[PDB]
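Here is what each chain is made of, one letter per residue.
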2 protein chains.
Amino acid sequence: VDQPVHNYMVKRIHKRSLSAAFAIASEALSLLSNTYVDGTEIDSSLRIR
Amino acid sequence: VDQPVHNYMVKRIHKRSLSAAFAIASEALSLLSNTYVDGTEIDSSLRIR
């Protein structure tokens, strides 16, 4: 003669990640920091680029 | 970690041309130039041709 059974199961999380890159050239930093700006319309176009 | 890429391409135009020829005979040219018209019907038909 049999008896009803119960089961108890436990699972756990597995962790992962995602990464992506993003580059900036030196001239871009120089134009952004305004360290070597001359205040003329020629470099405004470069900054906007 | 990968960083995105931009591509720049430049293509140049190539030149060709098309020609065709077209002649008129001396008889017809003289008729058309109205140099030797005699003011008679017999040459009006030839000029029209």
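As a numbering rule, every chain is indexed from 1 in the order its sequence is written, which need not reproduce the entry's residue numbers; residues that lack coordinates are not presented. Ligands are numbered from 1 and chains lettered from A, in the order in which they are written. Scope of values: the displayed chains only, which are part of a larger assembly. Hydrogens and water are ignored here; the side-chain numbers use all heavy atoms of the structure.

Going by the annotation in the PDB entry, the name recorded for chain A is Major capsid protein, with Human alphaherpesvirus 3 given as the source organism. This structure appears in the PDB under the title "P-hexon capsomer of the VZV C-Capsid".

So, about the overall build of chain A. Within chain A, the secondary structure is distributed over two helices and zero strands. On the principal axes, the C-alpha backbone points of chain A span a range of 95 × 15 × 10 Å. The 49 residues of chain A split such that 4% are buried. Every accessible area reported is derived by Shrake-Rupley at a probe size of 1.4 Å, with residue values counting cover from the shown protein chains alone. In the form shown here, chain A has an accessible surface area of approximately 5600 Å², with 58% of it arising from carbon and sulfur atoms. Positive charges come from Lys and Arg, negative ones from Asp and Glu, while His and the chain ends are left out of the count. A charged residue contributes its charge at one atom only: NZ of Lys, CZ of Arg, CG of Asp or CD of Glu. Of the charged side chains in chain A, 6 are positive and 5 negative; the average position of the first set lies 20 Å away from that of the second. In DSSP terms, a helix is any run of H or I states spanning at least four residues, a strand is any run of E spanning at least two, and both are numbered starting from the N terminus. Three labels apply to residues, based on accessible area from a 1.4 Å probe with only protein chains included: buried if under 20% of the type maximum, exposed if over 50%, partly exposed otherwise in between.

Okay, the side chain of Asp 43 of chain B next. Residue and element names in this part refer to chain B. Looking at the element boundaries, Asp 43 is found in helix α2 (residues 41-48). Every case where a carboxyl oxygen of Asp or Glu lies within 4 Å of a side-chain nitrogen of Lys or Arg is listed as a salt bridge. The side chain of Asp 43 sits in the buried core without any salt bridge; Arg 47 is the nearest counter-charge, 9.0 Å away. When checking whether two residues touch, look at their non-hydrogen atoms; a contact exists if any pair is within 4.5 Å. If we skip the residues at most four places from it in the chain, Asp 43 touches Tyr 36 and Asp 38.

A few words on the layout of surface pockets. In this approach, a probe sized like a water molecule rolls over the atoms, and the result shows the empty space that is left. All names here are of chain A. The distinction between a cavity and a pocket rests on a 1 Å grid over the protein atoms alone: a 1.4 Å probe fits inside a cavity but cannot get out, while a pocket stays open yet meets protein on both sides within 12 Å along at least five of seven lines, and a residue with an atom within 4 Å of a point counts as lining. Grid points are joined across faces, edges and corners, and a volume is the space filled by probe spheres set on the points. In this structure, the largest pocket encloses a volume near 230 Å³. Mapped onto the lining of the largest pocket, the elements with two or more residues apiece are α1 (26-33) and α2 (41-48). Ranked by residues supplied to the lining of the largest pocket, first place goes to α1 with four residues. Note on residue classes: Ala, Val, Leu, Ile, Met, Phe, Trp, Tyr, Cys and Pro are nonpolar, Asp, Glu, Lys and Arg are charged, and everything else, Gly too, is polar. A class-by-class count of the residues in the lining of the largest pocket yields seven nonpolar, no polar and three charged.

For the rest of this paragraph, the subject is unusual backbone geometry. Negative phi characterises most residues that are not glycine, and trans characterises most peptide bonds. Notably, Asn 34 of chain A is not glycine yet its phi reads approximately 60°, a positive angle. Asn 34 of chain A sits in the partly exposed class, given a relative accessible area of 38%.

Residues and elements named next belong to chain A. Relative to the elements of secondary structure, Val 37 occurs in the loop between α1 and α2. Since its relative accessible area comes to 39%, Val 37 is described here as partly exposed. The spatial distance from the C-alpha of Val 37 to the C-alpha of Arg 47 is 9.9 Å, given a sequence separation of ten residues. Not counting the four nearest positions on each side in its chain, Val 37 is found in contact with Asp 43 and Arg 47.

Chain B puts four residues into the contact, and the matching count from chain A is four residues. In short, buried area is how much 1.4 Å probe accessible area vanishes from two parts on joining, totalled over both. Where chain B abuts chain A, roughly 280 Å² becomes buried across the two surfaces, and 67% of that area is made up of carbon and sulfur atoms. Area buried by chain B at its contact with chain A is led by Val 1, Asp 2 and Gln 3 of chain B, which between them contribute 83% of it. On the surface where chain B and chain A come into contact, there are zero salt bridges. As used in this structure description, the phrase polar contact means that two N or O atoms lie within 3.5 Å; if the pair is within protein, one of them must be able to donate a hydrogen and the other to accept it, and residues adjacent in sequence are counted only when both atoms belong to side chains. Applying the counting criterion to the chain B and chain A interface returns one residue pair in polar contact. Taken together, the residues that form the side of chain B that touches chain A break down as two nonpolar, one polar and one charged.

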